[PDB]
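Asks: Protein chains in written order, with the deposited numbering: chain C, 25 to 158, 194 to 311, 316 to 356; chain D, 25 to 158, 194 to 311, 316 to 356; chain E, 25 to 158, 194 to 311, 316 to 356; chain F, 25 to 158, 194 to 311, 316 to 356; chain G, 25 to 158, 194 to 311, 316 to 356; chain A, 25 to 158, 194 to 311, 316 to 356.
There are 6 protein chains.
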Amino acid sequence: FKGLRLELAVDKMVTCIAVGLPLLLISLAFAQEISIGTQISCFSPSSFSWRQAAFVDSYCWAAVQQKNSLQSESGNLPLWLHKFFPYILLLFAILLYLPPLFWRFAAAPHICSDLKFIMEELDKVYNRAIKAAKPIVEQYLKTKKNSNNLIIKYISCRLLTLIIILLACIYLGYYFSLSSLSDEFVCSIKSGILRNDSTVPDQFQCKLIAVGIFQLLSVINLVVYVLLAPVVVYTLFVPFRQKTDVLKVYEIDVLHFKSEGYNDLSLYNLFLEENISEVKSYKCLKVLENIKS
Amino acid sequence: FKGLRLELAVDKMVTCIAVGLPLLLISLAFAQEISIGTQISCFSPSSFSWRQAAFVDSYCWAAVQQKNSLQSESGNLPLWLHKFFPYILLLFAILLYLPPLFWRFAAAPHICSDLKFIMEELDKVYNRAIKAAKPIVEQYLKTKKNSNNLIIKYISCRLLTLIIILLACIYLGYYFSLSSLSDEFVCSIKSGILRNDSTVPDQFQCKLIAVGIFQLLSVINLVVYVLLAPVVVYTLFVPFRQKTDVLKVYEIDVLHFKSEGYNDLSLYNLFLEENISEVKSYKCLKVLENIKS
Amino acid sequence: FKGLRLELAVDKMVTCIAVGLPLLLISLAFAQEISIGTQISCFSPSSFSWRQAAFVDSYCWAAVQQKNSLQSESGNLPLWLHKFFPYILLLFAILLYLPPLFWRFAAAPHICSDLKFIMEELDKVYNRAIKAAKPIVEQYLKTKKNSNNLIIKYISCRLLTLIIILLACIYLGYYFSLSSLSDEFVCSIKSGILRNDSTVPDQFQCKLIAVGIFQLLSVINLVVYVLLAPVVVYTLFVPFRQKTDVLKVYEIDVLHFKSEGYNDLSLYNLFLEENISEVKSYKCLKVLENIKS
Amino acid sequence: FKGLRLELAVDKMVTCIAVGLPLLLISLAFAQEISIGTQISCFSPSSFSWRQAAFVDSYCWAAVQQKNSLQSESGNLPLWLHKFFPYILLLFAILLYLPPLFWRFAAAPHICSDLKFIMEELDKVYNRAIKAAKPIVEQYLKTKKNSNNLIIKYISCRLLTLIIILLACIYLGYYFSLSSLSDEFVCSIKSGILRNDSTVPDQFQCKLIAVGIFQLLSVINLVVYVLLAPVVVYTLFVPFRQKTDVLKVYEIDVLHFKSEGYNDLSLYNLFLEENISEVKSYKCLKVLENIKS
Amino acid sequence: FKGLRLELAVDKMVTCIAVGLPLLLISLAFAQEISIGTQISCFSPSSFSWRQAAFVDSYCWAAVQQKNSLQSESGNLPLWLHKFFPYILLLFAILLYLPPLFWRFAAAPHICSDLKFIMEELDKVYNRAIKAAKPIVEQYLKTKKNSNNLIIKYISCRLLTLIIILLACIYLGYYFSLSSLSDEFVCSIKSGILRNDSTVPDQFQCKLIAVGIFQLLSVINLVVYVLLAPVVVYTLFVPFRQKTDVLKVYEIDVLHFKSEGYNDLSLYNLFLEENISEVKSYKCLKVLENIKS
Amino acid sequence: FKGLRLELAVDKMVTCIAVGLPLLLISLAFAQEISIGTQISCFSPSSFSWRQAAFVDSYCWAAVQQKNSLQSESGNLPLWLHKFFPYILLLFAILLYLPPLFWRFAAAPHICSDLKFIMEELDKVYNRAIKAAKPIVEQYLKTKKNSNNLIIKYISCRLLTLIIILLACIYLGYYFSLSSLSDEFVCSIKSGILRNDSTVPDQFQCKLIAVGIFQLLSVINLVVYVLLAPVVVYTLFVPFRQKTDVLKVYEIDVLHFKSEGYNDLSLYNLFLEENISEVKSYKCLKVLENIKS
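1. Excluding the 5 residues flanking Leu237 (chain F) on each side, which residues of the same chain have their C-beta closer than 6 Å to its C-beta?
2. Consult DSSP for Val297 (chain C) and reduce its assignment to one of helix, strand or coil.
3. If you measure from the beta carbon of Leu122 (chain C) to each beta carbon in chain D, is any gap under 9 Å?
4. Measure from the C-beta of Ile135 (chain D) to each C-beta in chain I and report whether the shortest distance is under 9 Å.
5. May I ask you to list, following chain order, the residues of the segment 68 to 88 of chain E that have a beta carbon less than 9 Å from some beta carbon of chain F?
6. For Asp327 (chain D) and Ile210 (chain D), which I take to be in contact (beta-carbon distance under 8 Å), what is that distance rounded to the nearest angstrom?
7. Going along chain E in order, which residues have a C-beta closer than 9 Å to the C-beta of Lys36 (chain F)?
8. Which of the residues in the segment 238 to 251 of chain D, read from start to end, lie with their CB under 7 Å from any CB of chain E?
9. Return the CA-CA distance between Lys346 (chain A) and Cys136 (chain A), expressed in angstroms with no decimal places.
10. What are the start and end residues of each continuous beta strand (DSSP E) run of 3 or more residues lying completely inside the segment 225 to 294 of chain E, in chain order?
11. Is it buried or exposed for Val38 (chain G), if we count other Cβ within 10 angstroms and need 16 for buried?
12. Please check if any C-beta of chain F sits within less than 9 Å of the C-beta of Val350 (chain G).
13. With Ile58 (chain A) as the anchor, note down where its alpha helix (DSSP H) starts and where it stops.
14. Using CA atoms only, rank isn't needed, just tell me which of A:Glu352, A:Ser241 and A:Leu146 is closest to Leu94 (chain A).
15. With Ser68 (chain G) as the anchor, note down where its alpha helix (DSSP H) starts and where it stops.
16. Are the C-beta atoms of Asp316 (chain E) and some chain F residue less than 9 Å apart?
17. Taking a contact to mean a Cβ-Cβ separation below 9 Å, would you say residue 312 (chain C) touches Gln262 (chain D) in this structure?
18. Answer yes or no: does any C-beta atom of chain A fall closer than 9 Å to that of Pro102 (chain G)?
19. Please name the residue, chosen from C:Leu276, C:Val285, C:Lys203 and C:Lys148, that lies closest to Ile224 (chain C) on a Cα-to-Cα basis.
20. On the DSSP bridge assignment, give the partners of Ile64 (chain G) in chain order.
21. Check the Cβ-Cβ distances between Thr258 (chain F) and every residue of chain E, and say whether any is below 9 Å.
22. Within the 9 Å Cβ cut-off, does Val270 (chain A) reach chain G?
23. How long is the line joining the alpha carbons of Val270 (chain E) and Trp85 (chain E), rounded to whole angstroms?
24. With 9 Å as the threshold, decide whether the Cβ of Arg300 (chain E) is near any Cβ in chain D.
25. Can you tell me which of G:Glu197, G:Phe273, G:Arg254 and G:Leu219 puts its alpha carbon nearest to the alpha carbon of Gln264 (chain A)?
26. Tell me whether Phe334 (chain E) is buried or exposed, calling it buried when 16 or more other Cβ atoms sit within 10 Å of its Cβ.
27. Quick one: is the Cβ of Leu105 (chain F) within less than 8 Å of any heavy atom of the ligand SAH?
28. Count the other C-beta atoms from every protein chain shown that fall within 10 angstroms of the C-beta of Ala156 (chain C), then say buried if there are 16 or more, exposed otherwise.
29. So which residues on chain D does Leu32 (chain E) lean against when the C-beta distance must stay under 8 Å?
30. Determine the closest residue to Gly27 (chain D) out of C:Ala153, C:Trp104, C:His134 and C:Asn100, with distance taken between C-alpha atoms.
31. How would you label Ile154 (chain E), buried or exposed, when you count the other beta carbons within 10 angstroms and need 16 or more for buried?
32. Output, in chain order, the set of chain A residues within a Cβ distance shorter than 7 Å of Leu253 (chain G).
33. Taking DSSP as the reference, what is the three-state secondary structure of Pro194 (chain C)?
34. Does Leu114 (chain D) get closer than 9 Å to chain C when you measure Cβ to Cβ?
35. Looking only at its chain, what residues have a beta carbon closer than 8 Å to the beta carbon of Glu323 (chain E), apart from the 5 residues adjacent to it on each side?
This is the structure:
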């Protein structure tokens, strides 16, 4: 058939929000920042003109990383973070987007084919049972019990997502710990031939126009990721995610109710429960069980 | 049918990341650089005005390659690299994108047709065996054992990718070895009629506004390619890539378990194992083997 | 059916790269050039202002072709090439793109219909042979031996492509032979009423901001086309392109193994070999031949 | 069925190139021109400022057509052509694009239905002949011999295309005959209240920044249209366009081999020959004729 | 079925050109005008600066309609037309686009259903006649003779199109009658507190930068609409548009050859003649009539 | 089936024009306004410079709403309307677009299903009648006579559209009643520390650059809505909209000719009459009735 859900629901939603929210926020931040036309501005005395003022501004912006300048007893790490915030944010967005693509384009056909085989075989056995009046699944799940091909990659993807979100949370916390009065700094032109001449003042007060916007972005991203992390933690635990109302209604038999532990069986049960609307026999078994009870 | 995977998984993922990450990084770098509006800025005394200051800036930017100027005892190679970094990065992206396109549009139909023939013939032999109660593949793989049409092109593509990634790694390492205090330089207007006049100062201190951004880009690209290279090295080795649980379950017979070496047979086994969800008999053979055991 | 390959593989790849690489390079060059906002800049003394400085710059840019000015004993050909490089490059891209479109939309239906007729007739004769137990192709290829309708147009297209690539190579070589210190030049306003007045200096030093970018583009295009030319030369030779393992396996007969020379027969064999995955009998004939041997 | 070619090959190709090449060239010219930001620039003495300098520039640009000014003994026709070149070029592109659209959306259904009727009737008569062992077309073509409904519109479209291309060629030749030293001109502000005041100089030297770009465009368009015209001339002649190997192989009869002249019959034969891959009997008749011979 | 032509050919072509040509021309005019960045420019003495010069320019541009200013004994109607030309041109384009949309989405289903009924009934009667060997249409057309539901709306749409094209022609003629030396005008700041102060000159010479471009647009639009009008006049006359070779070949009978006048019958005949390729019996009746004759 | 018209014709056309015309007009107005780059400009004496002149301009633009300034004895309502015209126009466009979307996505399935049931039941009864030789609809319409589910929502939507168009008409009339000489006004900087200093003049004459453009837009929108309103008034009246030639031809019986009043029956008749081309029996009943008469 055509209609099918290759992924889960909570996992798809959490990755979708984790890849969309930072992207939209950074896009809006860039769109609003370009309205001003600049994010760096540094004072210049009235003796200079527009070209050399632009020169000193651009030179101070570029030499934000040179170790022996910018005397502010701060280590230049806050300035590096201020410079690189959009880059690291877009990297974080793309690196959270990657694992869903990897899972979508690596193991999806195996799962889709297995769930298919399950649904046609269940339909066939239901038809055989209904026509008889007028253990293939059990052995198959017993075999998949001993295998761990899919659970290992699922848990690897979940662990990678959890650790990258934790790294994002700690980095945004460190960035938000930055004090507000830690952007203004001194800059100078002391290099080349400009080391002996004294026609320009020594200390220039410069300023990055990023403080409020990037502080709001950092704190909001921190809040959203702290709220998001428990969802990932909960979805990591597979044994408690599966419900026990999946194979309980197939007595017409199968004996796998006490099947637990890290196994492909639980993953198959949860995938079947998620994608169960396509089969026409599960609800009939529900109503038959109600008739019995 | 329609659903089919013409490529591998690890190879497709590694080429996808290798073509996407540099492209996105360079796009973001260009988008952030154009906000300033320039990447070159050179000091001009207050005696001059905007036009002749722009003149000297553009002239120093263009004459970044002339051999008998720019006296900085550095060889001008760092300045050439600073100028040409976006060009070489985009070239590297496109030259890594090329081999996947070549493989996709040269030998994909052969592989798809062969895997098809395999799957319909396996289905037919399974149906014949199941209907009998109530060596075509072996000879075919023996014939493909003697052939080397596909493995030669696969290993050629892998070798080309490996060598180009190694060249990228060494070039980015050389670029990152560039010292931070190696951008400021002197420039002058000594040509034409401007060789006798002395109404302008001789030495002008210029500056490329690219240091921090391109250093971060170079080091991050180096790190990602160093991490990426072992994956390519591992996927190059075909004899250990294939698993021995492919033809082991077809005893209903075939005798090719001890088949190894650089041959089309191993490539066919790995392609079949990757694209095996489409056949409906492999899992039935698994469950039958479990019943026997 | 639907799936079919109307073109070759090496020819399609070579024309695709030859039309894509210059286009992407020129697009990137234009995108990076517009960041500066200009590619011409000419010195103006401080006595003038922005309007008349822009006037002299634009006038010198436009009068780059007038014969009795620009005294630099160079012939103005390098300046013409500097002006017209993007135009000629885009022309070269479009003129290499044209022959593939012409071949795609002139003779493709004939080839597709002929290959069809071949595949259905081969399937029919295979079915007849297999049902018999439980020379149409030969005469057809003999007739196409005497014809030259398709080979003449194929060789015409190949010759046109080869000569245009050779012209591109020689022109890029001539452009790259341009010396680096051959851009700076003198310009003046000596016309109309401005021939008697002496309120402006006579000689103005101007400069095209194109040197490094266009030199890199020219040399890289030269290198890629020199590497590309032997592929076109090799694909021009049709007698050695065809393999002899096409009609050798149809003994169930046909006698055309010693057929050579400039003929439609070789083109038909190579097209059939390229588009052979669609028929289901060729591999069966391979396995039957292996059984015999 | 679905697959069908409503148009010819050479005609479609020639109109496609004639509508694409000028459009792409003018698009590139505009994109490169907007980089400078202007195409008009006129000298202003240092006594004036930016607003009144822009005023005089725009006034001279607008008053490029007033008869009693611009004393250059040239007639102002070259200046009008310089102003209107993009407009006339885009008009020429659209007016060459129109006739193909008119032919596509006026008479295409008639041709498609007629070629259909032909192909099904040929298939039916072939099936009848092959089943008999184990003059509808002739009368139909005889009737269409006396009609001229389609040939008149085809020749009208061809004549319109030929005359418009000839007009384009002559106009581009006239534009290219323009001498290079015929752009600089004098302009003044002598109107309204500015006829008695003498605070501004009388003669201002202005300049259109279009010379080299538009000269290259004009000459290249002239060359391409001169090369293109013989193709249109050749495709105009319908009696020699049709090949005599169309109805020669239908002896199983039809007697129309000596049919010539300006008639719908020749057009139908050429359309059938172009769209002949869809029928499955023509190649069978070729092989049968070879068997006879 | 699917393939059908809901509209005519000449009407569709004329409305398509009438809606496309002005739209493309105005788009190109706007794209070329925005290159300059302004279409208004007014002289300012050197005593003022850029802000107050821009102030006077914008104030004169806005106060182009106030009755008691702009002393040029011209009535301000030419200035209003110069201001509003793009608006009225786009309005004319959209108001010519409207009637085709109205006709397409009001009465098209009725016509399509009627032509369908006609074609299936003709096919059925042809099959009955051919099977008999081995007056529904007449009564239907007689009934539609007395009705006028569709001809009234067709003639209303044609009359609306004709009158709007005539209004466009007369308005463009009036605009083109505008003399070239009728744009320059005087403007002043005499209002508010600026009525007693005398620190600014009284008369300012302003200029609209629209003369040549809009004159060319007006004259070309006038020429194209004058050429277009006779086509609309010809297509308005329905009695002479229908050909008498529609119902003349259905003698196997129907007697409506002498049917004329303003009636739905003529419209149905012309629609059937336009969309007649879909039926397979009309050409058979032609060949049968030729056999009889 | 697939082809169906869920909406009416006059209603769809009127809402389409009412949502398109203001949107296109405001888009063109904005596109033409951004060419100037500003719509506010206020005089500044030559003693000031560009920054403080821009300061006063922006401050006067923002403080267009503060009650205790802008002494012009006008109430500031015209200035508020001048500021908010694009916002209110776009709001009016979207609020007219809303009711069609609401009707399309609320009750369309009910109507489509009912008209379906009608057409299949009519086809079935026609087939039964024609096969008999060789009151379900009446009872259904009698039942829908007593219901008012759809007419209430239709009349609610019509009333909402009518009242919003009336509000638009009155608001545009009020805006057009604005006198032309009511834009110029006085502005000052009297706040903060700028209340004691006297280094700047007190009264500044400012000007909104919107007069002619927005007056034309207001008057044209008023004219189009006044012309549009009677169409809405006419389509509101449902009893006279339905024609009596719908159920009059079904005597083969039904007795509902004298059915009138505000009821679902009239709406169903008008919907059936609009979407009647899909049934094949209505025209047959017309011709049969003509045969009887």
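Beta carbons are placed, not taken as given, at the ideal position from N, Cα and C, and that holds for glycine.
Replies: This is what the structure holds:
1. Within the fourth sequence, the letter at position 178 stands for residue 237 (chain F). Here the set comprises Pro102.
2. Stepping through the first sequence from its first residue, residue 297 (chain C) is reached at position 238. It is coil, neither helix nor strand.
3. Taking the first sequence and counting its residues from 1, one reaches residue 122 (chain C) at position 98. For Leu122 (chain C), the answer is yes, since a Cβ of chain D falls inside 9 Å of its Cβ.
4. Looking at the structure shown, chain I is missing, and the protein chains on hand are C, D, E, F, G and A.
5. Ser71, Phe72, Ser73, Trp74, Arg75, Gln76, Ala78, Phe79, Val80, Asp81, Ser82, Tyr83, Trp85, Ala86, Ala87 and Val88
6. Against the second sequence, residue 327 (chain D) aligns to sequence position 264. Against the second sequence, residue 210 (chain D) aligns to sequence position 151. Confirmed, Cβ separation roughly 6 Å.
7. In the fourth sequence, residue 36 (chain F) corresponds to position 12, counting from 1. Near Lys36 (chain F) (Cβ distances below 9 Å), the residues of chain E are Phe129.
8. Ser250 and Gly251
9. Here residue 346 (chain A) refers to the residue found at position 283 when the sixth sequence is read from its first residue. Here residue 136 (chain A) refers to the residue found at position 112 when the sixth sequence is read from its first residue. So the two alpha carbons sit approximately 22 Å from each other.
10. 244 to 246 and 263 to 267
11. The sequence position of residue 38 (chain G) within the fifth sequence is 14, counting from 1. Buried.
12. The count along the fifth sequence starts at 1 and reaches residue 350 (chain G) at position 287. For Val350 (chain G), the answer is yes, since a Cβ of chain F falls inside 9 Å of its Cβ.
13. Position 34 of the sixth sequence, counting from 1, holds the residue named residue 58 (chain A). It spans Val34 to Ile60 - the alpha helix (DSSP H) in which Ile58 (chain A) sits, taken as one unbroken run.
14. On the sixth sequence, position 70 is the one that residue 94 (chain A) refers to. Nearest C-alpha to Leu94 (chain A): A:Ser241.
15. Locating residue 68 (chain G) in the fifth sequence gives position 44, counting from the first residue. No alpha helix (DSSP H) holds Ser68 (chain G); DSSP gives it neither H nor E.
16. Walking along the third sequence from the start, residue 316 (chain E) turns up at place 253. False, the Cβ-Cβ gap to chain F never drops below 9 Å.
17. Since the model of chain C includes 311 and then 316 but nothing between them, residue 312 (chain C) has no atomic positions to report.
18. Within the fifth sequence, numbered from 1, the residue matching residue 102 (chain G) stands at position 78. Answer no: the Cβ-Cβ gap between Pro102 (chain G) and chain A never drops below 9 Å.
19. Within the first sequence, numbered from 1, the residue matching residue 224 (chain C) stands at position 165. Nearest option by C-alpha distance: C:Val285.
20. Walking along the fifth sequence from the start, residue 64 (chain G) turns up at place 40. Beta-bridge pairing links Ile64 (chain G) to G:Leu267.
21. By 1-based counting over the fourth sequence, the position of residue 258 (chain F) is 199. No - not a single Cβ of chain E is within 9 Å of the one on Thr258 (chain F).
22. For the purposes of this step, residue 270 (chain A) is taken as residue 211 along the sixth sequence, with counting starting at 1. Yes - at least one Cβ of chain G is within 9 Å of the one on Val270 (chain A).
23. As a working mapping, residue 270 (chain E) is identified with position 211 in the third sequence. As a working mapping, residue 85 (chain E) is identified with position 61 in the third sequence. Spanning the two alpha carbons is a distance of roughly 15 Å.
24. Start at 1 with the first residue of the third sequence, and residue 300 (chain E) comes out as number 241. No, because no Cβ of chain D sits closer than 9 Å to the Cβ of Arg300 (chain E).
25. Here the question's residue 264 (chain A) lines up with position 205 in the sixth sequence. Considering only alpha carbons, the answer is G:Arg254.
26. Counting from one through the third sequence, the residue named residue 334 (chain E) turns up at place 271. When all chains shown are included, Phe334 (chain E) counts as buried.
27. Inclusion of the ligand SAH in the displayed structure is not the case, the ligand content being empty and no account of it being possible.
28. Position 132 of the first sequence, counting from 1, holds the residue named residue 156 (chain C). It counts as exposed.
29. Here residue 32 (chain E) refers to the residue found at position 8 of the third sequence. Near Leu32 (chain E) there are no residues of chain D at all, since even the closest Cβ is about 10 Å away, more than 8 Å.
30. Here residue 27 (chain D) refers to the residue found at position 3 when the second sequence is read from its first residue. If we check each option's Cα against that of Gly27 (chain D), C:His134 comes out closest.
31. The count along the third sequence starts at 1 and reaches residue 154 (chain E) at position 130. Classification of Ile154 (chain E): exposed, given that the 10 Å Cβ count is below 16.
32. Along the fifth sequence, read from residue 1 onward, the residue named residue 253 (chain G) stands at position 194. Residues of chain A passing the Cβ test: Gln264.
33. Numbered from 1 along the first sequence, position 135 holds the residue referred to as residue 194 (chain C). Three-state result, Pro194 (chain C): coil.
34. Your numbering for residue 114 (chain D) matches position 90 in the second sequence. No, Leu114 (chain D) does not count as interfacial toward chain C.
35. For the purposes of this step, residue 323 (chain E) is taken as the residue at position 260 of the third sequence. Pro298 and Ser329.
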